[PDB]
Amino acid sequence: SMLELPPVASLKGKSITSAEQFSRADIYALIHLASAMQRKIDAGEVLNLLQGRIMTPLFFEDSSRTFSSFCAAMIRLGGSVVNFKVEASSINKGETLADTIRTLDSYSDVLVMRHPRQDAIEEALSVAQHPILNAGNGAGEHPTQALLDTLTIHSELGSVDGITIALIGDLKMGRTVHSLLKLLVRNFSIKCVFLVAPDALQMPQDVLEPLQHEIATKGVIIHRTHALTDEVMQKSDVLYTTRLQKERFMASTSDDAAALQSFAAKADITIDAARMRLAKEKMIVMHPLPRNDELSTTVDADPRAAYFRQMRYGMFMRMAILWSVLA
């Protein structure tokens, strides 16, 4: 209870759209703030930092973790939430996205927006007076997931510089791995990244190209594979795996069918207890969730399974973010 909760001043009043916005020092300030929030909350302390402030969720596509995490974080800061549901709104009388933004912006202090269109967040930004926090924009980015994933690595392993990390699964559509790769390469001295995915679902060039300067000058090693090889298993300090983003492959064309099929047919990427016999002693398995069969329930009892603790780090990072934006 003697710990301060200094807001991160550079976040004040700003929208959060991309992992690109953050400096290394922003990241560590949010990490220590989140960690102090965790200590206070776990000790049973009641925070009243955002009394009388309102978050409104605008979720134009589904969420459990993200919506609930954000609501919980707001509440644990003493904040409030208006439970707006897009599916039961005047969008059903033809209301536009822009008008819907202005509508909840009339009542709220912060908007949390998730949308299947990558450019919808920009549209919202151009009409909103209050900050908007990007909780996922199609296959674009998920910048607060990247921050909490980094809190997880820091808290679990004790260090982010020097790690070897595998990014596994649907890298093409994974807004989580897009933001995470950006945030780690821009701001830390990463030893090596394994990009583990079948050919069709590899990390996009529009993510890798902007990073090419920093990759080359910081000496980050980048290796593509289509499988969890013995080498990937033995060298990785972090195995970060992801779900096939099937709802992004809905055009019913021969290509979407072949891309959907590649996860199981063009790659060997399942993590289970058999495969975990190859891992380091000091390493963690992470997954943004939800998972399907790429991450077996046989790993759940393993102490290196960090994907449940990841969600709780998530709540505290979101608290740190909300307090900083709104202080």
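We call the rigid core the largest set of C-alpha positions that still match within 1.5 Å between the two forms. Sequential numbering from 1, following the sequence displayed.
Asker: Any chance you could tell me whether 208-216 or 70-78 drifts more in 6 other deposited structures of this protein, judged by RMS CA distance from this form after superposing on the core?
Answerer: When 70-78 and 208-216 are compared in 6 other deposited structures of this protein, 208-216 lies farther out.
Asker: Core-aligned, which moves more in 6 other deposited structures of this protein: 232-240 or 175-183, by CA RMS?
Answerer: Looking at 175-183 and 232-240 in 6 other deposited structures of this protein, the bigger mover is 175-183.
Asker: State whether residue 84, though modelled here, is left unmodelled in a third or more of the other entries compared.
Answerer: Modelled in all the others, so no.
Asker: Is it the case that at least a third of the other compared entries omit residue 252, given both of its neighbours are modelled there?
Answerer: Yes, residue 252 lacks coordinates in at least a third of the other compared entries.
Asker: Do the CA atoms of 250-258 or those of 224-232 have the higher mean B-factor in the entry?
Answerer: According to the PDB entry, the answer is 250-258.
Asker: May I ask you to compare 151-159 and 134-142 by their mean CA B factor in the entry and name the higher one?
Answerer: Higher of the two, by average CA B-factor, is 151-159.
Asker: If you compare 176, 164, 106, 189, which has the highest Cα B-factor in the entry?
Answerer: Across 176, 164, 106, 189, the entry lists the biggest C-alpha B-factor for 189.
Asker: Name the residue from 80, 242, 90, 96 with the greatest C-alpha temperature factor listed in the entry.
Answerer: Of the options given, 90 has the highest CA B-factor in the PDB entry.
Asker: Ranking every modelled residue in this chain by its Cα temperature factor as given in the entry, which third contains residue 275?
Answerer: Ranked within chain, residue 275 CA B lands in the highest tercile.
Asker: Once the chain's modelled residues are ordered by C-alpha B factor and cut into thirds, is residue 100 in the lowest, middle or highest one?
Answerer: Lowest third, going by the recorded CA B-factors of the chain.
Asker: Hey, what third does residue 289 fall into on Cα B-factor, ranked over its chain?
Answerer: Ranked within chain, residue 289 CA B lands in the lowest tercile.
Asker: Would you please rank residue 219 by its C-alpha temperature factor against the other modelled residues of its chain and give the third it falls in: lowest, middle or highest?
Answerer: Answer is highest: the recorded C-alpha B-factor places it there.
Asker: Compared with the other modelled residues in the chain, in which third is the CA B-factor of residue 114?
Answerer: According to the entry, residue 114 has a C-alpha B-factor in the chain's lowest third.
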